[PDB]
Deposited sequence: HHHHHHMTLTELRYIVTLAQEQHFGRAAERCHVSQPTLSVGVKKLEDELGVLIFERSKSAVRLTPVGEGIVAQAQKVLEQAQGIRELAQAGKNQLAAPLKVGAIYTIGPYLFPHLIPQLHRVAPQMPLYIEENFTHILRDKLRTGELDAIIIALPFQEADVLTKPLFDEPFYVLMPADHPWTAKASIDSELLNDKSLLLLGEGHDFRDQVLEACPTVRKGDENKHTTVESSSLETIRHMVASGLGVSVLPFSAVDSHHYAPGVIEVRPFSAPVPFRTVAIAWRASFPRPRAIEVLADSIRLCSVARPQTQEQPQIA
């Protein structure tokens, strides 16, 4: 090759894609904007494609570049792994972990998770992000996130996925609803149009639709659905970790289980095969598996 791909140039492009700000990327790589920009342009001239758009209006990842940045983050982490094997035993539990969870998992998991994580890894705080599955995947690819908590199925190249627990669904209803007499709700009944569902985008929506032979309230969360049910707007479906996660006094909303066969999702953690801190992933997974909402 005319020019040798260097690990510094890859560092530039991955940091620049994470930060989406020339200044902040430059300072994260401990150099000036002209230095960083020179390196990026060098890598681009050599590869013969644009990784970022030729604009100093802003920082836009090209589609080709997104793929290149995913790869480059892999490369950077394997290299890091070489230096780890060289100077072994350095502390993997002494820096923040960047963790994403999908909308319908995070609010119901993190609070149970965090005290155990503190008992085993007090030097590991959490930078937390909640979002749709595909955005979390994009962020795992750039390295903006270290680990993401999602629902199976989930596959991604050079990404590891470890199943953590199985989470059953429940029917949510006004306390004065007819169904409150039933001991278990059978799923055909859910074919009503008083069923409140999450908007398109949330994989949980489709898991619920799949569990049934409707009113879609979008730009909404499970919480605002629960508020709507409490006010008497209809009924809904919650994952088990969300059933007691609320601030109503009793006598406002009730839950009832599904008549067998009980529908469920599998909650899992995903991270890059090359991640140089596998012990943090382990401490995290452990802490999830051990917390209250994670047990039968």
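Engineer: In sequence order, which deposited residues have no C-alpha?
Structural biologist: No coordinates exist for the deposited residues in 1 to 2, 216 to 224, 308 to 316, so these stretches are absent from the model.
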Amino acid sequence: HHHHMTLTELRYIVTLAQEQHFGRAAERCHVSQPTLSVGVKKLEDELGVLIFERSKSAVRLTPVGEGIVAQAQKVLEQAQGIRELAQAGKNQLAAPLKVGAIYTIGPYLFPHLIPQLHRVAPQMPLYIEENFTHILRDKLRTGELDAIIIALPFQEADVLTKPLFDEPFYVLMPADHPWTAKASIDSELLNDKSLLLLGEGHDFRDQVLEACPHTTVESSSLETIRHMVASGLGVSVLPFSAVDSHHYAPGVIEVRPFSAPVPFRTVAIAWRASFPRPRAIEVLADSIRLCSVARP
From here on, numbers count along this sequence of modelled residues.
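Engineer: Please work out which of 110 to 118 and 220 to 228 has the higher mean CA B-factor as recorded in the PDB entry.
Structural biologist: Taking the mean C-alpha B-factor of 110 to 118 and of 220 to 228, the larger value falls to 220 to 228.
Engineer: Report the stretch with the higher mean CA temperature factor, choosing between 271 to 279 and 21 to 29 on the basis of the entry.
Structural biologist: In the deposited entry, the stretch with the higher C-alpha B-factor mean is 21 to 29.
Engineer: Given 241, 57, 62, 266, identify the residue with the highest C-alpha B factor in the PDB entry.
Structural biologist: It is 57.
Engineer: Could you check 213, 96, 81, 168 and tell me which one carries the biggest Cα B-factor in the deposited entry?
Structural biologist: Highest C-alpha B-factor among the listed options: 213.
Engineer: Compared with the other modelled residues in the chain, in which third is the CA B-factor of residue 67?
Structural biologist: Its C-alpha B-factor belongs to the lowest third of this chain's values.
Engineer: In terms of the CA temperature factor given in the entry, to which third of its chain does residue 148 belong: lowest, middle or highest?
Structural biologist: It falls in the bottom third of the chain.
Engineer: Just say lowest, middle or highest third for the CA B-factor of residue 177 relative to the other modelled residues in its chain.
Structural biologist: Top third by C-alpha B-factor.
Engineer: Quick one: classify residue 293 as lowest, middle or highest third of the chain based on its Cα B-factor.
Structural biologist: Highest third.
Engineer: Considering only modelled residues of the same chain, in which third does the CA B-factor of residue 198 rank: lowest, middle or highest?
Structural biologist: Residue 198: CA B-factor falls in the middle third of its chain.
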